[PDB]
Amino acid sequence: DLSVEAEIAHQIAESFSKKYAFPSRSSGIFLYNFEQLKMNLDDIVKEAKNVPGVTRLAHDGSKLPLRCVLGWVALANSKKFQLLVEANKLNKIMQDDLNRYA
């Protein structure tokens, strides 16, 4: 579908610079945004569709779980993000995010 791509692209573009908190390996949190992926918007949208539920949510026009989407796309595309992030805590976060946005 291409209308869901538009909504995903629009919600991601509006928040493209917004900083989100992800768990670190040292401790605490580090900040990340979509911009630091160094990826083109079209590529992020394409990758965001792997996140469970976001295509349905975008079809309905609901707010997307952007922190969960960013962490998902980053875990798959940024070797630096992978090395900064504690994956176990990221996993649980993205899981809890998707259950709240149900």
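Each residue number is its position in the shown sequence, starting from 1.
Enquirer: Comparing 50-58 with 67-75, where is the mean C-alpha B-factor higher?
Expert: Between 50-58 and 67-75, it is 50-58.
Enquirer: Using only modelled residues of the chain, where does the Cα B factor of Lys89 rank: lowest third, middle third or highest third?
Expert: Within its chain, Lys89 is a middle-third residue by C-alpha B-factor, going by the deposited values.
Enquirer: Rank-wise, by C-alpha B-factor, drop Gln36 into the lowest, middle or highest third of its chain.
Expert: For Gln36, whose C-alpha B-factor we compare with every modelled residue in the chain, the answer is the lowest third.
Enquirer: In terms of the chain's CA B-factor thirds, is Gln11 lowest, middle or highest?
Expert: CA B-factor rank for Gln11: middle third.
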